[PDB]
Each structure stands twice: as C-alpha cells, then as structure tokens.
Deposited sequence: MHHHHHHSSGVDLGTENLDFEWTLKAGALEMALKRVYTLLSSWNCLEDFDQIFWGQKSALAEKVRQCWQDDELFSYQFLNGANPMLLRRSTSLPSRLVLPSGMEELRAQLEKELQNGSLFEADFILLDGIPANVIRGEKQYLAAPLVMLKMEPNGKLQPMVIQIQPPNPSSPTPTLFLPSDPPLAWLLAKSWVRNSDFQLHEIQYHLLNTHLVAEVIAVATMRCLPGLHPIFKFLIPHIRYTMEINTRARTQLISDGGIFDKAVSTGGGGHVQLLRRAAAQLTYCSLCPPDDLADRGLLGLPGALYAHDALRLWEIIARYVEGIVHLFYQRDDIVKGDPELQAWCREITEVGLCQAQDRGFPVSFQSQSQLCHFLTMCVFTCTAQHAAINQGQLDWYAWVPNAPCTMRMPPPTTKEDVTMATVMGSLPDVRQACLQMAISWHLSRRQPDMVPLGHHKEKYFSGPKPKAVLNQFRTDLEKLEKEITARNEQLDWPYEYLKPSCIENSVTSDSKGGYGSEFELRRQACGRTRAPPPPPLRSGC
C-alpha cells in the first residue's frame, strides 16, 4: 500500500492483471462496431491539425503537464543558424506568451520491445486563446548529442508528424503512469489505509472521508513519479498557480477544477468547523496527528520534503488537506480518466507504444518510417479496448448515507449539492456553445469515489 520500491512494482502487476481481463471479446460490438463518441469522431479527422495537437495540453485527457515558461529550458540547446527560432522564443517569453510541455521524467528510461523518448514542446499562445507549436525536441542533450535536432512546423510534413506523434506517445506514458495510476489511484490507496489504520469509524473525519474510499518500467517511471509527488501538485489553486494556468479563459479543465475546489473546500470547512471548533482542538487530536504522519511519512515515503504536512496545527491547514483528499478521489480522477474514450480511441492521436527509436534528423522520414514507429493493429486495438472500459454510480456529494446525525452537517452537505447543481448548469450551458466542449468535470459525471 506504500509508494515503496516495491509496493509500486506490485501495483503495476495488479493493473496488468485487471487490463488482461479485457483482452477478449467482452464488449466487442461496442467497441469496434458501435458508435464512437462525438469527440472521438472529431479527433479522428483533425488529429494532424497543429491546433488539436496543442489544444490537448489544456483540455485533453492529460491537462497536468503544460506550463507557462518564465525562462527557456536549459535543455533547449539551439543550434547555430536558427536566429529565427531564437528571436521568436525570445519574443514570446518577453510577451508572457510562451508555454512548454516538458517530458523529462521519461529521460533515460528504456521500455516485445518498446521505445521511449523524453521530448520538449514549446508552444505560443496568441491573443486568440489558441496554442500553436513552435518547436519539438524529442531527446534531451546528452553528452554525445550535444544538439538534438529541432523539429519545426515548417519541416517535411512526415517528420513534423513523427515528431508530434512521439510527443503524444510520451504524453500517453506520463498521463497513465504518473497522473492517473500514481496521483489518483495509488495516492487514494495511501489515504484509504491510513484512514483505516489511525482513525476509528466514529472519528469525525473517518465519517467524512469514507464514502470516497471503499476500498519495468513503468516501474522506473512510477518510482520517479512517486519521487517527485508534491503536495501542491495535488491542489488545483496551488497547481494551476504554479504552472501559470490561472487567468486563461479557454483553460476549461483549469476553470472547472478550480471552481470545484472552492465547492469541496466550502463543504470541507463547513464540516470541520462543526467538530473542531478552533485550532486548539485540531492540534490536540492525537489520532488525527497520527493519520497525518501516516500519510506523509509512511505512505508517501518521507513526503514532508515535498510540501506535505507532518502535523495539522489549524483548521485551515486541515481543510486544505481534507479538500485535496476528496478532490484526488473524485474530481481529479474524473478529469484524468473520463477522456480516454474521446482522445485515445483514435490511436494515431495517442499511440500507446512506439516500435522504432525516435528520429535523430528530420531527413528521410517516410510513411514506412511513420507506420513502422506507430503501434501495430494488436497494440492499437487493445489500446481502444482498455480506454473504452476505463472511461449505476453514485455522483459526487450524493452518498445516500447518513454517517452524520445532526441538522448542522445535513445543512453543509445540502449546500454542497446546491453548489454542485450550480456548477452543473454552468458547465452544460458553456459547453453547448462550443465545438470542443469539456465535460470530464461536470459534477454529475464525477463518481463519489475512485472505484
């Protein structure tokens, strides 16, 4: 249950075992014959469009990587005689308009033989709202490349596509290992056990948390991910702030996540201020304090060097942490998981595996090269299988149970529902006006727990 060695290696096996059970004709019709999503069908036809490539960094299956650059990455070595790329990256950084998708956590991992790369994409945002790519670097510098080729939108079309496609494969990897398995599922397992371990069932925050938690490499990558898991990464206000995605009107994941955070927060602090009336109570609850330590020190593996608390000194310190717990188990899993059907069905747009190494030049890139690198029918079709299965339930805030008895808690949970209905009708109204709606965080679509 920990994030050790170790435990993480056992996690991946249990995941393969689950996925294996869908390697059969279980929903074959549905699947490979039935109607695919409206968005899936949109992706199929626009996937080569540079804007659709870019757009996904904001509102696709994985909107957790993109960042607004403050300086140009040290890995982005620009060869002599690209004064123009130089000047344009400079222009954008000075304008506060330069963004990046840096896939470095993959650097150095090897991957039935699959090839990995650790690319960097630099994108500009124009007043429009729209993100346009400027340059892809597929491998980082290292000490016999010196100056990795820089692939550009103006290059031989099939080279630009191969470059982009490697970026999507890399996005596929980080998305599933880091942002889905680790950050939602495995962090959920830590929260869950630690609740079971340190808090008796009638402990108020056990009652609060419970409706949300019943119950090679890869290995390399998952270990590194778990290594750099910070507390702020799991908190939208912090996270969207640390990545410069605040004040971005077309950042719909960002908007929705943040608007949910405020709902969860208000619901959280409402319940907390009832039981822990004042900071003194929080500080003095020894069980809660064990529960905190159990998550940060044991479960997350000495995670107190990555923003995580070792104690709760106050209501605010506890509400912030309790809001992170709900969000991780509910909203964020919704955001990370609900998009596989839409974005990963059309396999060329999110290739699960690449079967050749990345190109070192932009020269001699052929359909043979492209088709050779992209997955095969078997890999690609099993991809589609799993993504459909992944993407009856109890929605967020609707645990048809009453662990709390008073009218005071009931009022709190009642406002939560009202605010959730408020966001619901807001999201659905916005989405109606858009060709590319975002709906992985509509409150009704979020399950009251990771399952």
>> Going by C-alpha coordinates, which parts of the deposited sequence are missing from this model?
In response: 1 to 21, 133 to 137, 242 to 268, 445 to 448, 509 to 541
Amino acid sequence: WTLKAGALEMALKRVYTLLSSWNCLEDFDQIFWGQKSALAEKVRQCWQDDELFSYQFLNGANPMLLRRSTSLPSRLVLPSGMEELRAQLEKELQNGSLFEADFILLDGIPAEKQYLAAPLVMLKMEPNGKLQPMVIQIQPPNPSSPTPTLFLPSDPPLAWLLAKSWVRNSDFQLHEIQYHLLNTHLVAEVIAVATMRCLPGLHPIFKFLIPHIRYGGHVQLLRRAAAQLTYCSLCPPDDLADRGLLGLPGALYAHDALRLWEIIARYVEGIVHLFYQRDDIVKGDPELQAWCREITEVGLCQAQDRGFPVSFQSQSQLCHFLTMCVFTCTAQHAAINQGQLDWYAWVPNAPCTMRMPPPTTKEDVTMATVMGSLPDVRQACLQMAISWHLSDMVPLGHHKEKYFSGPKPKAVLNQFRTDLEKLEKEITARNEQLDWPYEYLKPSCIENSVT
From here on, numbers count along this sequence of modelled residues.
> Comparing 271 to 279 with 246 to 254, where is the mean C-alpha B-factor higher?
Replying inline: 271 to 279
>> I need to verify one thing: averaged over C-alpha atoms only, is the B-factor higher for 36 to 44 or for 59 to 67?
In response: 36 to 44
> Based on the PDB record, which member of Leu318, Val190, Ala163, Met82 exhibits the highest Cα temperature factor?
Replying inline: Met82
>> Test of reading the entry: by CA B factor among the chain's modelled residues, which third contains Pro141?
In response: highest
> Compared with the other modelled residues in the chain, in which third is the CA B-factor of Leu234?
Replying inline: lowest
>> Using only modelled residues of the chain, where does the Cα B factor of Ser405 rank: lowest third, middle third or highest third?
In response: highest
> Compared with the other modelled residues in the chain, in which third is the CA B-factor of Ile213?
Replying inline: highest
>> Looking at the temperature factor on the CA atom of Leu76, which third of the chain's modelled residues does it land in?
In response: middle
